[PDB]
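Worksheet: the structure to be examined is printed underneath.
Numbers and lists here come from the model and the stated rules, or from a named source; no laboratory read-out is quoted. A quick note on method: Cβ atoms are made from the backbone with ideal geometry, for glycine too, and the neighbour counts reach across all protein chains shown.
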Protein chains: 2
Amino acid sequence: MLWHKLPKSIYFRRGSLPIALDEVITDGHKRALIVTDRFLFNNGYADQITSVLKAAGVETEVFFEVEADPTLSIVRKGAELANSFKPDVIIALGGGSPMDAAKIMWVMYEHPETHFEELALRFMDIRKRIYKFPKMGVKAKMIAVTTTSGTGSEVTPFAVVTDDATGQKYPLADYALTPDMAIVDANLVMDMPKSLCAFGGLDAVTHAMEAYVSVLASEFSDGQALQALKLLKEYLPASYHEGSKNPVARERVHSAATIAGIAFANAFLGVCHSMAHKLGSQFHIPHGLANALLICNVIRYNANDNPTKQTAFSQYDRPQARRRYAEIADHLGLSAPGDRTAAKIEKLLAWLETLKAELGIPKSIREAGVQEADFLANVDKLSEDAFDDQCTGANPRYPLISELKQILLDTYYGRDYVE
Amino acid sequence: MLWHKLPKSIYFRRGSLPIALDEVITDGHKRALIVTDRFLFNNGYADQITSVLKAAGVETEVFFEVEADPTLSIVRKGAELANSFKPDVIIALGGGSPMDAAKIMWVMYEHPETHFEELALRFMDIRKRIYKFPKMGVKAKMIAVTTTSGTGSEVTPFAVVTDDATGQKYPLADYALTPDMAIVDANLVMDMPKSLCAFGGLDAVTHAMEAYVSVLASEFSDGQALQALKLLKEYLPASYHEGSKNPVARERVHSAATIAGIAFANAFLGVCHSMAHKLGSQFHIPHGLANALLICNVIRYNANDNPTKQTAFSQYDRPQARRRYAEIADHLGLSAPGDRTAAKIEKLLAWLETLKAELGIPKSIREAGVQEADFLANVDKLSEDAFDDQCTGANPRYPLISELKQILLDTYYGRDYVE
């Protein structure tokens, strides 16, 4: 059985933010907290929402102390603040690291009794979950603005954090901590650098490419994934080169990244986000860049009509991955009439290299600043710990630790994944 | 040698606060921090200054986490914040606990190298000080609003804090941490409770009664002390009973409390503030209430023309304390023509009881919630540790530990201090 659940509000157009607070926050709340990173407190992005609340009978407080790949130390810090200001609403902002950290502070504020380890517990299903998350709408709601175009955390329950002790990103998940509102306005990403419009807008390509093929994939989460893929193909290159000079593309890509969140929130990720999380917390590689190096092989991995194993899901009778990856190309135009289902993937992978070459993305991990000695020494660790991530419990061929490492290395040496 | 140094600005009238920020802060600064207590963050007293700054090109941050009798834990907490927001100006508010804590955060922000123990070091003189405080006007200025009428911390270098480990208030002092501006508007004390208008407006009676008699007393700091005493006599009772119904008195008293700060900042306190600090940190008695129980005896102590010792100050040739306490009464009207310098003190002490009875002040410490067993057991401690306070190095008869305890006890049993 399946579902398609999101916030009961997703406002999205250039100029939507005040028209998403002049509307709902002030009509129901008078004590707000804001979560973001310093670059946005400094550059005047959080005073774009405190301007409109303080003008109303609302009292704001900003937790600008967040860092990339957030830790559990910060989260506990914002709760202390949240436990002191007693907010009626939380307004995450900045994209990813803040959003992934505010919806968990939302927890430690509603229920400070919680223990993070009981949240990072992998599971076989989301309903048959041992640590049923508590109900969180009673103390304060949770709003989610975003300033990047690669995460989808505005919609999805995923909340990636780090222990600060082991150094293991725990992509915990539960729909009980979806935002009540998601605001995705391109006013905030028009001036975003290229190092981000690439990594971000290129994870989104995975958010949707290992969601249209996942086993939990459904008709609900297949047209959105695609529409997140026909826009990242016609507007992502332009948003990189032209930047703010083509705000429509820098806008459409911002919506796509979110639409892919409308997909992978319902149809969880595959395996690229498992190896990515572990490969980007060890070597401190960003999210999107770990996903762009692997995706072009994971496909070569999941696209084997006769794998070693399937993921054992009723709705998934026969392995269809080699097929789905073709409907993708068939939808994007990469496919020519009279193909054979084996080139449509080549024509697809060819579109990525062509797309990774024109965004500043390297051809391997070695080129990405990781020493062969620091990799091979700890590869078996992140290859056993990827298997133990919750994201991999949805990809269509239940990878073997024998088979993950092989694609870690073939992405280090820029090789393929023949079998 | 002596001095009379204060901020280069003391604005004071009902409605002065915006006219003290619309004037100077915004003309020179664009990044401000505010320090206060929760009662004022909650009750809308800090958004009376953030309203006017944010309306300008200024970014504010409020450290509302302060508690009565502040600790060194909070102070180090606000520095972390101050080290993160990087303010151009600090705006203390609330009176006492915040003000005494912000001008020391000002230190840990300018010079985080400092070590509190090297600040709480008693000394024989302020110039001949071992730990010459550093220069602090370079990172951020320091403003000082006040919302109570008993402290004078707006003007004075005194910054009373607590280790949080030993529990010993260290009334450190240095003019290098005087505020650059002091704002004393009665708009903020009109709605102050009676438990505070009494304790506060009754310490001020000591701020000035052991400053007109101190050895460092000078013509500069004698008319102010008195004017702080002719106003606390004609307007303090009315500000207690009538409260906000006589805002002129609730205003004049607010200025007096500050004028006494113009005195005891230059002519340090005597001994009542030494025993008070130690007697109010052990039994958690408030400041003003520890000073109102003792003052009516310390006078009987300092008013002995033949004491055991003087304070050894050149300007202080013969003990004049028994005389000064008469010019006080002679100025307030308590004195009738044809007295003998021995009744003018009785007529003075009589004015206090008469004044302590009509403010809700008890007649002893026992009545103030302190058990005879918890007092006599630790009296010799706060009697040896009062002698070691910096305030007592200015009172005119260099008390003996033999003689302090005797007045601690006579204030417990409500007795006098015959000798």
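Report whether or not A:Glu117 is without any contact (Cβ under 8 Å) to a residue 40 or more places away in the chain and in contact with a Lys or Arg (Cβ under 6 Å, 6 or more places away or on another chain).
So A:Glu117 fails the test.
Based on this model, can you work out whether A:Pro362 counts as of a type outside the set (S, T, N, Q), in contact with a strand residue (DSSP E or B) (Cβ under 8 Å, 6 or more places away or on another chain) and assigned by CATH to the domain that holds A:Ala217?
no
Take region B:39-56 and flag every residue that is more than 22 Å from B:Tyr109 (Cα to Cα) and surrounded by fewer than 23 Cβ atoms within 10 Å (Cβ to Cβ).
B:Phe39, B:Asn42, B:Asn43, B:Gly44, B:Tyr45, B:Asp47, B:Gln48, B:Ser51, B:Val52, B:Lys54, B:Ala55, B:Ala56
Which helices (runs of 4 or more DSSP H) does region A:1-98 wholly contain that include 2 or more residues that are within 14 Å of chain B (Cβ to nearest Cβ) and small (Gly, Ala, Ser)?
A:72-85
Is it true that A:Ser364 is within 22 Å of A:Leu236 (Cα to Cα), hydroxyl-bearing (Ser, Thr, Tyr) and either in contact with a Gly (Cβ under 6 Å, 6 or more places away or on another chain) or surrounded by fewer than 20 Cβ atoms within 10 Å (Cβ to Cβ) (or both)?
Answer is yes for this residue.
For B:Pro112, all conditions in the list (1) assigned to a helix (DSSP H, G or I); (2) under 25 Å from B:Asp163 (Cα atoms); (3) more than 13 Å from every other protein chain (Cβ to nearest Cβ); (4) more than 24 Å from the chain's Cα centre (by Cα) hold save one; what is the number of the exception?
Every listed condition holds for B:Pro112 apart from (1).
Among the residues of region B:350-364, is there at least one that is of a type in the set (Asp, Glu) and in contact with a helix residue (DSSP H, G or I) (Cβ under 9 Å, 6 or more places away or on another chain)?
Yes, some residue in region B:350-364 is of a type in the set (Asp, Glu) and in contact with a helix residue (DSSP H, G or I) (Cβ under 9 Å, 6 or more places away or on another chain).
Name the residue that is nearest to B:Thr60 (Cα to Cα), counting only residues in region A:51-98 that are basic (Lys, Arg) and either free of Cβ contacts under 8 Å to residues at least 24 places away in the same chain or outside the structural domain of A:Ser153 (by CATH) (or both).
Filtering region A:51-98 for residues that are basic (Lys, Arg) and either free of Cβ contacts under 8 Å to residues at least 24 places away in the same chain or outside the structural domain of A:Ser153 (by CATH) (or both), the one nearest to B:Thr60 (Cα to Cα) comes out as A:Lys54.
Looking at region A:140-195, which of its residues are closer than 20 Å to A:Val253 by Cβ and of a type in the set (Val, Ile, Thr)?
A:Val145, A:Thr146, A:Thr147, A:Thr148, A:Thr151, A:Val155, A:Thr156, A:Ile183, A:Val184, A:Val189, listed by residue number.
Taking region A:167-179 as the region of interest, how many residues are under 15 Å from A:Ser9 (Cα atoms) and part of a loop (DSSP other than H, G, I, E, B)?
2
So which of A:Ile126, A:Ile130 ends up being within 23 Å of the chain's Cα centre (by Cα), away from every other protein chain (no Cβ under 14 Å), hydrophobic (A, V, I, L, M, F, W, C) and part of a loop (DSSP other than H, G, I, E, B)?
Just a single option satisfies the conditions, and that option is A:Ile126.
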